[PDB]
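> Starting off with a structure, shown below.
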Amino acid sequence: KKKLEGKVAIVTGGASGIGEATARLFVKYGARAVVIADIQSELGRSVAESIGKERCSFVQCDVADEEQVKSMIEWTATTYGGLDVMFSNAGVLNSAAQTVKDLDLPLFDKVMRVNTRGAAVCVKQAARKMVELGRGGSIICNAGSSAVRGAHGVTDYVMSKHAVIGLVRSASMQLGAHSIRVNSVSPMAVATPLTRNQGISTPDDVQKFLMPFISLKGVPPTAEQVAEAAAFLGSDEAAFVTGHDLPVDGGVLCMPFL
Amino acid sequence: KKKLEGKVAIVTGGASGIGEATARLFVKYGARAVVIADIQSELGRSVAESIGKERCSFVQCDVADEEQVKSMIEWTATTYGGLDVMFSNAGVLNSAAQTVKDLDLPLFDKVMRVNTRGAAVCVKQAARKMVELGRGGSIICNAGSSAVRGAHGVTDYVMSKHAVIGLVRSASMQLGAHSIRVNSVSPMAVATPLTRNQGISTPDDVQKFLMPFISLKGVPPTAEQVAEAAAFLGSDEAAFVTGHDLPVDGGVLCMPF
Amino acid sequence: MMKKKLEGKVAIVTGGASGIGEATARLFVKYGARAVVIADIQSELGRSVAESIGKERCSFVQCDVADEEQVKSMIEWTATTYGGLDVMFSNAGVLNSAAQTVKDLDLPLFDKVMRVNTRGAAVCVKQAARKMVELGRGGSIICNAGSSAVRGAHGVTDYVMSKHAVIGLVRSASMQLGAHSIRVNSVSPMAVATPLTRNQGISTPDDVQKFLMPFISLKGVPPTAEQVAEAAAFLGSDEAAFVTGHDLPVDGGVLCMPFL
Amino acid sequence: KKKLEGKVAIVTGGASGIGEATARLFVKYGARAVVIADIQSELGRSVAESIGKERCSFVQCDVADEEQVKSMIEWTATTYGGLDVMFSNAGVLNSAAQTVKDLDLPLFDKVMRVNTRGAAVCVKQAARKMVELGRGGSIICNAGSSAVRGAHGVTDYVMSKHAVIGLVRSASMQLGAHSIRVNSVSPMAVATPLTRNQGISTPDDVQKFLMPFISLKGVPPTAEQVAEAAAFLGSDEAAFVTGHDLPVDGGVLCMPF
Ligand SMILES: NC(=O)c1ccc[n+]([C@@H]2O[C@H](COP(=O)([O-])OP(=O)(O)OC[C@H]3O[C@@H](n4cnc5c(N)ncnc54)[C@H](O)[C@@H]3O)[C@@H](O)[C@H]2O)c1
Ligand SMILES: NC(=O)c1ccc[n+]([C@@H]2O[C@H](COP(=O)([O-])OP(=O)(O)OC[C@H]3O[C@@H](n4cnc5c(N)ncnc54)[C@H](O)[C@@H]3O)[C@@H](O)[C@H]2O)c1
Ligand SMILES: NC(=O)c1ccc[n+]([C@@H]2O[C@H](COP(=O)([O-])OP(=O)(O)OC[C@H]3O[C@@H](n4cnc5c(N)ncnc54)[C@H](O)[C@@H]3O)[C@@H](O)[C@H]2O)c1
Ligand SMILES: NC(=O)c1ccc[n+]([C@@H]2O[C@H](COP(=O)([O-])OP(=O)(O)OC[C@H]3O[C@@H](n4cnc5c(N)ncnc54)[C@H](O)[C@@H]3O)[C@@H](O)[C@H]2O)c1
Ligand SMILES: [Cl-]
Ligand SMILES: [Cl-]
Ligand SMILES: [Cl-]
Ligand SMILES: [Cl-]
């Protein structure tokens, strides 16, 4: 029996990177369907077609827009007959250094909108639908190693990921009465279009810039490792796990220097 | 020698509550000038007058407005010839329950703006001035017990205070090269106009609703206790303390239901 | 059939004669483990559990986890008999029946708890690490901590100290052994009624509901030993290939530890 | 009024290093008396004489021996009329690397005995006397930066300091009903005879081997900084602070390799 057999999932930010890998893995693990919610429509549609349109749909959705998220969740539940897992994974990272001394406030606003407002909207709207359906559920936010430690730059992003932890803890306490679990996964070293904003483009960039700060050697980091943690948390394998951040980061000593 | 002798401080949100108590205590501990930065102008002027105009000045300032904060810091440093302590203390708490299932998003936006954008602005702008002056400095944010734990409501506020911790940690790492310390204080049980938004108006409300969740008994909680922690962190008593959250909360078991 | 997420792995479960350890040994075999060695001081019970799992895939070895020579011998036997050592679940523990408040702390009873729960952990992590480094195939070491590993309690002070010490061991070992592709993590239960929890009045699932569940957020999901076993199997497997230095709580979201 | 005016303190491990500095500072801050409880008798007597025999006494005491600790506390209370602050500061660090792969178990036992058994004994016995006297009190353990993070060696020591945090958290919850506070201080970079066991003897050693891992620059680390944090926690400045670890470590990025 596959661990997500028959389950309906949403993956926000599923057009690329960790979200795409997670959508793919959820289908491999028996999901009835995965809805990819993203702003990249051509790319999202192509990912859905690649996974297979009988088990994956793309919906255009800005996670920070509550009406768009509500509409996307309603469509998901009506189309596929439920909503068992929400993976609130969409995020952004600025290319500017974002040290606190030279913090660009408009760029801070952009990061906080997607990474904190989007998380709050997705957790709220998933929770409402899960409470309505009465079948419990599993809500997962994609935080990051910077959710529990400071960094030498990317200060807005660090603040946003700490805020996600606060959301997860609070939501877990508030929604547990309805058998809804809320957790986060925290990656670090997966090269994606997002990490390219801070110069991490290739597996070699990961080795040169990130791995000196990571304990676990001989295990190259991948998007699929993060997807595995999300699938564990989304499944009944984690039936009694809530309020928790699960890092998939090789043991981060401290965040890399600038 | 008094622990803040000769120091110049800014207290944002200093017109009321913990900020007012902290401005008062900083002067008692020898601060040469304390600037109260607040949006309550009438009240802030009256508080500065009560503390004494020779030691305390009021500047109208929305902490989330970077130009206003920059102007207020420039005025402080030009008028008094320094800036040793920034206490970024302003905050807001909505009267709505703010459960995540029924979260009011515009009210979330307000809380995040004051409590996270205001913190970021004040830390940035204080840091710039402290780096320019070359004398080190101490920056303190007012977080709260909800900065390190979840709550059963006030979800926006919890998120905002967690974000403050991330700011403090990051800023401490980035500004330590210039001998600038960054820390937070985390209160819980002081009845103020802010806490009135969630039904905590009197010391008796604190006893009935909050104290069951607090370990330390027989010590009534006060604004002055929080001010003492801020004065410790602002002073050379804490010369090698940075990146830290200092809770003044009697040992919180969990947030109230 | 389940996913054979532990296909071919050789595991040791200390404290595997009972409770969470027994459930974990059983689940590891269900998930395709080559073998599980149950290392325990309860010989009659341990032998019976091994026979119940199946002697072709499970062996019992008499072993006091705080005795370094016994642990070393048990690991050597495991590796020689089954050709490897891929997972160590350092799960043995003890809990006193005495309240163990700090004001009335019984020091000899503190010593007993610290011996099994901290010395035993250190011995098992050391000796598993040595064998894993020797074999050159990486590995996964898991300690059974508890919800009290990351928070204070109103009694059981020795036990709380012991579980905090386990977290320090896990963090340190993860940092030191990562160079050899060895992962070190903990699982932290709370609400499984076992002979150990009976020492503090938690004997039945109803005791769990009455005394523990008021302090736990997640409702409608009765707590079981098997839930903890699932977390250990996740951490022991390649599903957690890049997870190290971490405590994974299986506790329904603990608000705070229950009052005395 | 000085912050420890009239208070009676015990500093375990007060014959050397941070404990000595803390005993000295407590007297400077007005303590009625400080009892140095240590196993190094000649050294402890020399420290007490230097601080001043009218305000400081030495008592021979192995912190892991419950009868000796009880006797020392009884002597303190009989001699000086109370017990307001217990600083459970004694600790040891092996010279061996103590990696987990090559952990020496008898040396692990030594570290765990002083650093965990001694902490438990001192917190228990101070708590008993404080409950008896009915005046509240402040109990402080000396933990360390390794109390909240892993290290690349000294594994026994890391375990011991994590256990201290568990003790402090638990004791704070259990003793708050009697207005007794329990906290820790966590140093990192004070060169002492203890740190000499891992090659840290001089200010230059600190700069070369420890400071790369510490955010705060331009502020040389000292024993007196740790003493200041202990004095804050021991005093009414921290009247509503309990269950907390207060790091005096310049912001530790991670433990040194
Ligand atoms: N890659 C890493 O190592 C790493 C480390 C820490 C955290 N994360 C987090 O992982 C998550 C996924 O990022 P990734 O690295 O896979 O990057 P990615 O660029 O591959 O994917 C991010 C996706 O989010 C989408 N997105 C952005 N704004 C959106 C909005 N308003 N509404 C809907 N979708 C939106 C993008 O269009 C994109 O498809 C992010 O939350 C990121 O912060 C990643
Ligand atoms: N009272 C408590 O027990 C408690 C607990 C946890 C955290 N806090 C925090 O303590 C801090 C001080 O609050 P308080 O309880 O003393 O309440 P308070 O109402 O007495 O003071 C808050 C002050 O902040 C000011 N302020 C609000 N928005 C502002 C803005 N945009 N710019 C400048 N000033 C602004 C208000 O005008 C007011 O004078 C807040 O950050 C609050 O979140 C308090
Ligand atoms: N049950 C829970 O809810 C819970 C909560 C928190 C932590 N834990 C931890 O889970 C672990 C397993 O305990 P359990 O609850 O399954 O109890 P259990 O009594 O079912 O099993 C404990 C086993 O450990 C063995 N053991 C004790 N001392 C030993 C030694 N010196 N050498 C070898 N084996 C020894 C016992 O003989 C027994 O078989 C323990 O570490 C415990 O502290 C359990
Ligand atoms: N120096 C640092 O930077 C540092 C860092 C982290 C933690 N610490 C902690 O600070 C505390 C003080 O250490 P220090 O560096 O000042 O060391 P130190 O060696 O100068 O002082 C330790 C004192 O404890 C005493 N002591 C040892 N065993 C004892 C026992 N059984 N009973 C009574 N007294 C005993 C010693 O005789 C000595 O006088 C220790 O707990 C240590 O672990 C220090
Ligand atoms: Cl990150
Ligand atoms: Cl709060
Ligand atoms: Cl527990
Ligand atoms: Cl240390």
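By convention in this document, the chains of the structure tokens carry letters A, B, ... by their order, each chain's residues are numbered from 1, and ligands are numbered from 1 in the order they are shown.
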Using only C-alpha atoms and all ligand atoms, which protein or nucleic acid residues are at most 8 Å from ligand 4, as a PyMOL selection string?

chain D and resi 12-20+37-40+43-44+60-65+88-93+113-115+118+141-146+157+161+186-195+223

> Please identify all protein, DNA and RNA residues within 8 Å of ligand 3, counting only C-alpha atoms and all ligand atoms, and report them as a VMD selection string.

chain C and resid 14 to 22 39 to 42 45 to 46 62 to 67 90 to 95 115 to 117 120 143 to 148 159 163 188 to 197 225

> Next, dump the selected residues to file, keeping only C-alpha atoms, as a PDB file, in the first residue's frame.


ATOM      1  CA  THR C  14      18.199  -1.741  22.363  1.00  0.00           C
ATOM      2  CA  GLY C  15      15.340  -2.146  24.802  1.00  0.00           C
ATOM      3  CA  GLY C  16      13.581  -4.187  22.097  1.00  0.00           C
ATOM      4  CA  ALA C  17      11.993  -6.730  24.447  1.00  0.00           C
ATOM      5  CA  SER C  18       9.052  -4.432  25.222  1.00  0.00           C
ATOM      6  CA  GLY C  19       7.025  -1.368  24.265  1.00  0.00           C
ATOM      7  CA  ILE C  20       8.312   0.990  21.600  1.00  0.00           C
ATOM      8  CA  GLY C  21      11.461  -1.061  20.985  1.00  0.00           C
ATOM      9  CA  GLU C  22       9.455  -4.232  20.351  1.00  0.00           C
ATOM     10  CA  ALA C  39      19.559  -6.082  22.827  1.00  0.00           C
ATOM     11  CA  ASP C  40      17.943  -6.099  26.289  1.00  0.00           C
ATOM     12  CA  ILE C  41      18.408  -7.189  29.885  1.00  0.00           C
ATOM     13  CA  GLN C  42      15.055  -9.046  29.921  1.00  0.00           C
ATOM     14  CA  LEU C  45      10.997 -11.713  27.258  1.00  0.00           C
ATOM     15  CA  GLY C  46      13.583 -10.731  24.630  1.00  0.00           C
ATOM     16  CA  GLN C  62      21.601 -10.244  26.433  1.00  0.00           C
ATOM     17  CA  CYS C  63      23.023  -6.753  26.828  1.00  0.00           C
ATOM     18  CA  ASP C  64      23.119  -4.035  29.490  1.00  0.00           C
ATOM     19  CA  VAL C  65      23.450  -0.860  27.397  1.00  0.00           C
ATOM     20  CA  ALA C  66      25.493   0.928  30.096  1.00  0.00           C
ATOM     21  CA  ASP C  67      28.171  -1.832  30.011  1.00  0.00           C
ATOM     22  CA  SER C  90      19.373   3.213  21.074  1.00  0.00           C
ATOM     23  CA  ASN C  91      15.968   2.942  22.739  1.00  0.00           C
ATOM     24  CA  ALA C  92      16.521   1.403  26.199  1.00  0.00           C
ATOM     25  CA  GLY C  93      15.487   3.609  29.098  1.00  0.00           C
ATOM     26  CA  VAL C  94      14.269   3.650  32.676  1.00  0.00           C
ATOM     27  CA  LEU C  95      11.924   5.893  34.682  1.00  0.00           C
ATOM     28  CA  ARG C 115      23.266   5.448  33.932  1.00  0.00           C
ATOM     29  CA  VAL C 116      20.788   3.787  31.560  1.00  0.00           C
ATOM     30  CA  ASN C 117      19.500   6.848  29.773  1.00  0.00           C
ATOM     31  CA  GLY C 120      23.764   3.734  27.782  1.00  0.00           C
ATOM     32  CA  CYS C 143      18.179   7.664  20.054  1.00  0.00           C
ATOM     33  CA  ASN C 144      14.831   7.498  21.823  1.00  0.00           C
ATOM     34  CA  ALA C 145      14.587  10.819  23.685  1.00  0.00           C
ATOM     35  CA  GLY C 146      11.083  12.082  24.598  1.00  0.00           C
ATOM     36  CA  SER C 147       8.962  15.205  24.859  1.00  0.00           C
ATOM     37  CA  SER C 148      10.853  16.007  28.083  1.00  0.00           C
ATOM     38  CA  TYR C 159      14.612  11.754  33.553  1.00  0.00           C
ATOM     39  CA  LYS C 163      16.706  13.209  27.854  1.00  0.00           C
ATOM     40  CA  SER C 188      10.662  11.758  20.979  1.00  0.00           C
ATOM     41  CA  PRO C 189       7.504   9.988  22.133  1.00  0.00           C
ATOM     42  CA  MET C 190       5.074  11.036  24.845  1.00  0.00           C
ATOM     43  CA  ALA C 191       1.850   9.081  25.047  1.00  0.00           C
ATOM     44  CA  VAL C 192       2.450   5.337  24.615  1.00  0.00           C
ATOM     45  CA  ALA C 193       1.405   3.268  27.645  1.00  0.00           C
ATOM     46  CA  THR C 194       4.233   0.813  28.427  1.00  0.00           C
ATOM     47  CA  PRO C 195       5.808  -0.870  31.483  1.00  0.00           C
ATOM     48  CA  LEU C 196       8.122   2.175  31.705  1.00  0.00           C
ATOM     49  CA  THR C 197       5.267   4.706  31.761  1.00  0.00           C
ATOM     50  CA  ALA C 225       3.798   2.461  19.869  1.00  0.00           C
TER      51      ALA C 225
END

> Counting only C-alpha atoms and all ligand atoms, what residues are within 7 Å of ligand 1, given as a compact mmCIF listing (two decimals) with C-alpha atoms, in the first residue's frame?


# COMPACT_ATOMS: atom_id res chain seq x y z
CA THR A 12 1.82 25.69 -4.18
CA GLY A 13 4.90 26.69 -6.13
CA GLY A 14 4.66 23.31 -7.85
CA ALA A 15 5.81 24.49 -11.29
CA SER A 16 9.50 24.27 -10.37
CA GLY A 17 12.14 22.93 -8.00
CA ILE A 18 11.09 21.33 -4.74
CA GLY A 19 7.36 21.81 -5.42
CA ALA A 37 -0.93 26.18 -7.81
CA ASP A 38 1.60 28.65 -9.26
CA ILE A 39 1.95 31.96 -11.05
CA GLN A 40 4.08 30.43 -13.85
CA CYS A 61 -2.85 31.13 -8.35
CA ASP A 62 -0.96 33.89 -6.51
CA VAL A 63 -0.67 32.47 -2.96
CA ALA A 64 -0.81 35.93 -1.35
CA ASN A 89 5.71 25.68 -0.76
CA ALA A 90 5.78 28.85 -2.90
CA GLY A 91 8.54 31.30 -1.98
CA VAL A 92 10.76 34.07 -3.28
CA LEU A 93 14.32 35.22 -2.54
CA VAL A 114 4.89 35.69 -0.71
CA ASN A 115 6.64 33.89 2.10
CA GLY A 118 1.08 33.46 1.22
CA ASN A 142 8.19 24.93 3.26
CA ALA A 143 10.35 26.93 5.72
CA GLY A 144 14.16 26.50 5.48
CA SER A 145 17.31 26.21 7.57
CA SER A 186 13.19 23.01 5.99
CA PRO A 187 15.57 22.60 3.07
CA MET A 188 18.96 24.22 2.51
CA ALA A 189 21.04 22.98 -0.39
CA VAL A 190 18.85 22.29 -3.43
CA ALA A 191 19.90 24.32 -6.49
CA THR A 192 16.76 25.85 -8.02
CA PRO A 193 15.72 29.02 -9.87
CA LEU A 194 15.07 30.57 -6.44
CA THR A 195 18.56 29.80 -5.11

> Check every residue of chain B for an atom within 8 Å of chain A, counting only C-alpha atoms, and provide those that qualify as an mmCIF file with C-alpha atoms, in the first residue's frame.


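Just written: result.cif:
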data_model
loop_
_atom_site.group_PDB
_atom_site.id
_atom_site.type_symbol
_atom_site.label_atom_id
_atom_site.label_comp_id
_atom_site.auth_asym_id
_atom_site.auth_seq_id
_atom_site.Cartn_x
_atom_site.Cartn_y
_atom_site.Cartn_z
ATOM 1 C CA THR B 99 -7.326 32.449 14.723
ATOM 2 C CA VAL B 100 -5.752 31.114 11.528
ATOM 3 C CA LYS B 101 -9.083 29.572 10.318
ATOM 4 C CA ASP B 102 -10.773 32.984 10.580
ATOM 5 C CA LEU B 103 -7.752 35.210 10.060
ATOM 6 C CA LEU B 105 -5.874 39.431 6.393
ATOM 7 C CA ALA B 120 13.509 45.995 10.450
ATOM 8 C CA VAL B 121 13.434 49.746 9.773
ATOM 9 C CA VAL B 123 17.294 48.097 13.445
ATOM 10 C CA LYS B 124 18.548 49.146 9.990
ATOM 11 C CA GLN B 125 18.527 52.843 10.672
ATOM 12 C CA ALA B 127 22.710 50.270 12.831
ATOM 13 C CA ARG B 128 23.638 52.752 10.109
ATOM 14 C CA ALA B 147 8.136 34.833 19.853
ATOM 15 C CA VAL B 148 9.209 31.263 20.736
ATOM 16 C CA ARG B 149 5.934 29.354 21.000
ATOM 17 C CA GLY B 150 2.595 29.069 19.241
ATOM 18 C CA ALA B 151 -0.673 30.498 20.525
ATOM 19 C CA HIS B 152 -4.357 29.619 20.315
ATOM 20 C CA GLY B 153 -5.182 32.902 18.553
ATOM 21 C CA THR B 155 -1.741 34.251 14.943
ATOM 22 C CA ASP B 156 -0.510 37.365 13.146
ATOM 23 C CA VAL B 158 2.826 35.286 16.968
ATOM 24 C CA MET B 159 4.213 35.307 13.418
ATOM 25 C CA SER B 160 5.387 38.901 13.869
ATOM 26 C CA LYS B 161 7.259 38.126 17.092
ATOM 27 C CA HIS B 162 8.913 35.039 15.600
ATOM 28 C CA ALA B 163 10.090 37.288 12.729
ATOM 29 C CA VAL B 164 11.624 39.687 15.283
ATOM 30 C CA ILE B 165 13.726 36.831 16.660
ATOM 31 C CA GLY B 166 15.032 36.103 13.151
ATOM 32 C CA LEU B 167 15.907 39.770 12.728
ATOM 33 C CA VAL B 168 17.712 39.906 16.087
ATOM 34 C CA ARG B 169 19.724 36.771 15.330
ATOM 35 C CA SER B 170 20.699 37.971 11.856
ATOM 36 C CA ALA B 171 21.458 41.517 12.904
ATOM 37 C CA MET B 173 25.705 38.205 13.342
ATOM 38 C CA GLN B 174 26.030 41.018 10.800
#

> Could you give me, as a Markdown table, every chain C residue with an atom at most 10 Å from chain B, plus its closest atom pair and distance in Å to one decimal, counting only C-alpha atoms, rows ordered by chain then number?


| residue | atom | partner | partner_atom | distance |
| --- | --- | --- | --- | --- |
| C:151 | CA | B:253 | CA | 9.3 |
| C:152 | CA | B:253 | CA | 9.0 |
| C:153 | CA | B:253 | CA | 9.7 |
| C:215 | CA | B:254 | CA | 9.8 |
| C:254 | CA | B:254 | CA | 9.5 |
| C:255 | CA | B:254 | CA | 5.9 |
| C:256 | CA | B:253 | CA | 5.9 |
| C:257 | CA | B:253 | CA | 8.4 |

> Please determine, counting only C-alpha atoms, which residue among C:174, C:84, C:208, C:202 has the shortest atom-to-atom distance to chain A.

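Going through C:174, C:84, C:208, C:202 one by one, the smallest distance to chain A is for C:174.
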
> How far is it from CA of residue 25 in chain C to CA of residue 231 in chain C, in Å with one decimal?

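Computing it gives 12.6 Å between the two atoms.
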
> Counting only C-alpha atoms, what is within 10 Å of range 84-87 of chain A, bar same-chain residues fewer than 5 positions away, as a VMD selection string?

chain A and resid 4 6 to 14 19 22 to 23 26 31 34 to 36 73 77 119 122 to 123 125 to 127 129 to 130 133 135 to 142 180 to 185 230 to 231 233 to 235

> For N, CA and C atoms, I'd like the residues from the last selection saved as a short mmCIF file (atom, residue, chain, number, x, y, z; two decimals), in the first residue's frame.


data_model
loop_
_atom_site.label_atom_id
_atom_site.label_comp_id
_atom_site.auth_asym_id
_atom_site.auth_seq_id
_atom_site.Cartn_x
_atom_site.Cartn_y
_atom_site.Cartn_z
N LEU A 4 0.49 7.52 0.08
CA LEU A 4 -0.49 8.61 -0.18
C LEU A 4 -1.65 8.09 -1.03
N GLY A 6 -4.83 7.35 -2.74
CA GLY A 6 -6.15 7.97 -2.73
C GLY A 6 -6.24 9.41 -2.23
N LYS A 7 -5.12 10.00 -1.81
CA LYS A 7 -5.15 11.32 -1.22
C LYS A 7 -5.10 12.41 -2.27
N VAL A 8 -5.75 13.53 -1.95
CA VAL A 8 -5.78 14.71 -2.84
C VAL A 8 -4.87 15.74 -2.21
N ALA A 9 -3.91 16.24 -2.98
CA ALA A 9 -2.94 17.22 -2.50
C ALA A 9 -2.93 18.48 -3.36
N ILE A 10 -2.58 19.59 -2.73
CA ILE A 10 -2.21 20.82 -3.41
C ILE A 10 -0.75 21.08 -3.13
N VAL A 11 0.00 21.45 -4.16
CA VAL A 11 1.36 21.94 -3.99
C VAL A 11 1.45 23.34 -4.56
N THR A 12 1.58 24.33 -3.68
CA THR A 12 1.82 25.69 -4.18
C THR A 12 3.27 25.81 -4.57
N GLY A 13 3.55 26.61 -5.59
CA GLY A 13 4.90 26.69 -6.13
C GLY A 13 5.34 25.41 -6.80
N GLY A 14 4.36 24.60 -7.26
CA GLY A 14 4.66 23.31 -7.85
C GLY A 14 5.15 23.29 -9.28
N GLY A 19 8.80 22.02 -5.23
CA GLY A 19 7.36 21.81 -5.42
C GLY A 19 7.07 20.84 -6.55
N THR A 22 7.97 17.38 -5.47
CA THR A 22 7.01 16.88 -4.52
C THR A 22 5.70 16.46 -5.19
N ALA A 23 5.21 17.26 -6.13
CA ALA A 23 4.04 16.86 -6.92
C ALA A 23 4.26 15.52 -7.59
N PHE A 26 4.37 12.66 -4.95
CA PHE A 26 3.06 12.40 -4.38
C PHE A 26 2.25 11.49 -5.30
N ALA A 31 -1.12 9.23 -4.81
CA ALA A 31 -2.12 10.28 -4.70
C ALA A 31 -3.18 10.16 -5.81
N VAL A 34 -2.87 15.65 -7.62
CA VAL A 34 -2.14 16.79 -7.12
C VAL A 34 -2.52 17.99 -7.96
N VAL A 35 -2.94 19.07 -7.29
CA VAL A 35 -3.15 20.33 -7.96
C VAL A 35 -1.92 21.22 -7.74
N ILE A 36 -1.32 21.65 -8.84
CA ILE A 36 -0.20 22.58 -8.81
C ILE A 36 -0.77 23.99 -8.90
N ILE A 73 -8.66 26.14 -4.06
CA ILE A 73 -9.00 25.06 -3.12
C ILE A 73 -10.41 24.52 -3.36
N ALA A 77 -11.23 20.61 -4.37
CA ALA A 77 -12.12 19.76 -3.59
C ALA A 77 -13.32 19.28 -4.40
N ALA A 119 1.83 32.05 3.05
CA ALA A 119 1.71 30.95 4.01
C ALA A 119 0.44 31.08 4.83
N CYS A 122 -2.67 30.33 2.66
CA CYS A 122 -2.78 28.91 2.30
C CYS A 122 -3.14 28.04 3.50
N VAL A 123 -2.56 28.33 4.67
CA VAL A 123 -2.89 27.57 5.86
C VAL A 123 -4.35 27.85 6.25
N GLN A 125 -6.91 28.90 4.37
CA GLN A 125 -7.90 28.40 3.42
C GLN A 125 -7.92 26.86 3.33
N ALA A 126 -6.76 26.23 3.48
CA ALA A 126 -6.74 24.77 3.59
C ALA A 126 -7.43 24.31 4.84
N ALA A 127 -7.16 24.98 5.96
CA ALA A 127 -7.80 24.63 7.23
C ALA A 127 -9.31 24.74 7.15
N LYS A 129 -11.29 24.41 4.52
CA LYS A 129 -11.82 23.30 3.72
C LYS A 129 -11.68 21.96 4.49
N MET A 130 -10.55 21.75 5.15
CA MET A 130 -10.38 20.50 5.92
C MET A 130 -11.37 20.42 7.09
N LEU A 133 -14.75 19.43 5.65
CA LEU A 133 -14.88 18.04 5.21
C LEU A 133 -14.87 17.02 6.34
N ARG A 135 -12.48 15.21 7.84
CA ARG A 135 -11.64 14.01 7.65
C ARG A 135 -10.20 14.21 8.14
N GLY A 136 -9.97 15.24 8.94
CA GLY A 136 -8.60 15.57 9.35
C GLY A 136 -7.85 16.15 8.18
N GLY A 137 -6.53 16.02 8.20
CA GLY A 137 -5.71 16.58 7.11
C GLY A 137 -4.31 16.88 7.57
N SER A 138 -3.45 17.17 6.61
CA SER A 138 -2.04 17.47 6.88
C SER A 138 -1.64 18.69 6.06
N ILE A 139 -1.21 19.73 6.77
CA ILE A 139 -0.80 20.99 6.17
C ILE A 139 0.70 21.12 6.43
N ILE A 140 1.46 21.39 5.38
CA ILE A 140 2.92 21.45 5.46
C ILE A 140 3.37 22.77 4.84
N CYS A 141 4.22 23.52 5.56
CA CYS A 141 4.82 24.72 4.98
C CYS A 141 6.28 24.45 4.67
N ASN A 142 6.78 25.03 3.59
CA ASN A 142 8.19 24.93 3.26
C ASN A 142 8.91 26.15 3.88
N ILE A 180 -6.34 17.91 12.41
CA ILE A 180 -5.54 18.48 11.33
C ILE A 180 -4.14 18.72 11.91
N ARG A 181 -3.13 18.18 11.21
CA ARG A 181 -1.73 18.34 11.57
C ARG A 181 -1.14 19.49 10.77
N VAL A 182 -0.21 20.21 11.38
CA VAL A 182 0.47 21.31 10.71
C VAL A 182 1.95 21.19 11.06
N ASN A 183 2.79 21.13 10.02
CA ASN A 183 4.23 20.96 10.18
C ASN A 183 4.95 21.76 9.10
N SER A 184 6.25 21.84 9.22
CA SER A 184 7.08 22.41 8.15
C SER A 184 8.20 21.46 7.77
N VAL A 185 8.69 21.63 6.54
CA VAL A 185 9.94 21.03 6.08
C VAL A 185 10.90 22.17 5.82
N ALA A 230 8.23 15.67 2.87
CA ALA A 230 6.85 16.14 2.70
C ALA A 230 5.88 14.96 2.59
N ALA A 231 6.28 13.92 1.87
CA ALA A 231 5.40 12.74 1.71
C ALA A 231 5.23 12.01 3.05
N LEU A 233 5.39 13.46 6.08
CA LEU A 233 4.50 14.32 6.88
C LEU A 233 3.05 14.36 6.37
N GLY A 234 2.87 14.23 5.06
CA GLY A 234 1.55 14.25 4.44
C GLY A 234 0.78 12.96 4.63
N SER A 235 1.47 11.89 5.02
CA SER A 235 0.90 10.55 5.10
C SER A 235 0.58 10.15 6.54
#

> Please identify every residue of chain B that has at least one atom no more than 6 Å from any atom of chain D, counting only C-alpha atoms, and report them as a list in words.

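In the required form, that comes to residues 173, 176, 177, 179, 215, 216, 217, 218, 228, 237, 240, 241, 242, 243, 248, 250 and 251 of chain B.
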